[PDB]
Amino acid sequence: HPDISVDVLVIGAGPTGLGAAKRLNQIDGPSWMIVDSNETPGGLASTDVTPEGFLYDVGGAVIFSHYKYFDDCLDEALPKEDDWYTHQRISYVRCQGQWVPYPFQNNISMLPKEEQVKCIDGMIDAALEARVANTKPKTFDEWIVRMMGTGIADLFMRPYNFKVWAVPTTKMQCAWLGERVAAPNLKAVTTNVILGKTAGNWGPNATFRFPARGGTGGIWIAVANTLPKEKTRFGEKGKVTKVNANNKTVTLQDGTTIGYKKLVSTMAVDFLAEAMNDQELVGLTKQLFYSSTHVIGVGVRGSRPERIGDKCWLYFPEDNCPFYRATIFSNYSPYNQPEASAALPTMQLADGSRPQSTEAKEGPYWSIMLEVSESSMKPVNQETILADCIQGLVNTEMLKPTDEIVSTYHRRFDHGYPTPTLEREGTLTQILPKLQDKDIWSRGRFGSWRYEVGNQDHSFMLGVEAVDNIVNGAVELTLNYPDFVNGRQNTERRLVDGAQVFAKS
């Protein structure tokens, strides 16, 4: 007999695992517990803070939801109106000295007239071929060309996507992108060129809310707090080291054994295969591809510059900077950085020089958060990436050479993006059903490795729906039908369902 026995064991307390725990806690039938190796729940949605008081999320995380269930849990976790700030998505692409409104491919009107010709010509070619197309594109690259033409592919989509994914567009599938990549309408794009108009409203994150305090990680701390503490085991005491799938036993770092009837595993599936000592699965998971993410944070002295304005996040296809995205993180909340009266010395100027004095001066302060991708196809010099990012900020005119930097941050996250390679689905259909036959629900950004359902709301619901499948026979819609859940308002499942209403009578 093992030390602990539960019906459902949840590994991981990021959004996916916390979703599973919330649904298990709501249903309150089968016994359960949740474990994580970090004392602070949140996974890749956690928030760091520099010694100078600048918060940085793991990547430009904004909250936007396809599911009422997710909303219920965030509102339960952070119920006050001043727990949240709402913002319009202000997003731009840096191109040839200009800020081009997102989506690029729908704002060709902003480029020089000569580039407009190249872009529209390519889009005419794509539209004529699309009129007689009877096949689907097989690669991300073919999709880009078929729906945008070469001109826009060469100017933006191809170089940008290598900088994000750390693989070329030719190496990725294209089924994942229904909700991420705008395919442009020839008439709408040409009309806006003729009229000199913009169109910034495309996509599901065109409006968002951001927590007032604690960054994204504050959400998941607050969510986890609603759980019965005795059903949680966070820290080294909850680090999983062995998974014995045949005995349905998990061994923790401190030697605690947990027997389960059903396992919801949200750790990276390649880690799970190793913890299972299952060489067949290790070999299979090693056929998946992922990129690492470097997050760089730069805290700057001064009131928010006019050139920055209300910008939220920014795309950088060009090779004059290492990062693919910048976030004006100080626009998301005033509490992402110190108050104006906080006194801080200048660590360096944006041009790399040292300040003359160690004098601590007051603010106000603003803050830039940058992301750089790394993979076996795209190495990154870890020792210089911070300075290269700051120089990239000067190259893109986001910082003046004289700007005073008062705080820096750099962290590398090994599993950053699960890559939608051409091979992903073929490998996953060998991995996930084999785990399924052992009553292991491997779910999450790296639990099930599908980026298109790898956001905080999708991840949360992957855990929710996994539990719903275990307990109530529910379809795991998010796991297997991203287009289906992304194309509808998912209103049916609530934090208080009929089951709980009728039981309380």
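A residue's number is simply how far along the shown sequence it sits, counting from 1.
Look at the C-alpha B-factors of 59 to 67 and of 35 to 43. On average they run higher in 59 to 67. Note on 125 to 133 vs 250 to 258: mean CA B-factor is higher in 250 to 258.
Sorting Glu423, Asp319, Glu404, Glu114 by the CA temperature factor given in the entry leaves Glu114 at the top. As recorded in the PDB entry, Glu81 shows the highest C-alpha B-factor of the residues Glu81, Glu383, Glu374, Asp310. Ranked within its chain, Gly12 lands in the highest third, by CA B factor from the PDB record. Among the modelled residues of its chain, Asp388 has a C-alpha B-factor that falls in the lowest third according to the deposited record. In the PDB entry, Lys438 places in the highest third of its chain by CA B-factor. Split the chain's modelled residues into thirds by C-alpha temperature factor. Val475 is in the lowest one. Among the modelled residues of its chain, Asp468 has a C-alpha B-factor that falls in the middle third according to the deposited record.
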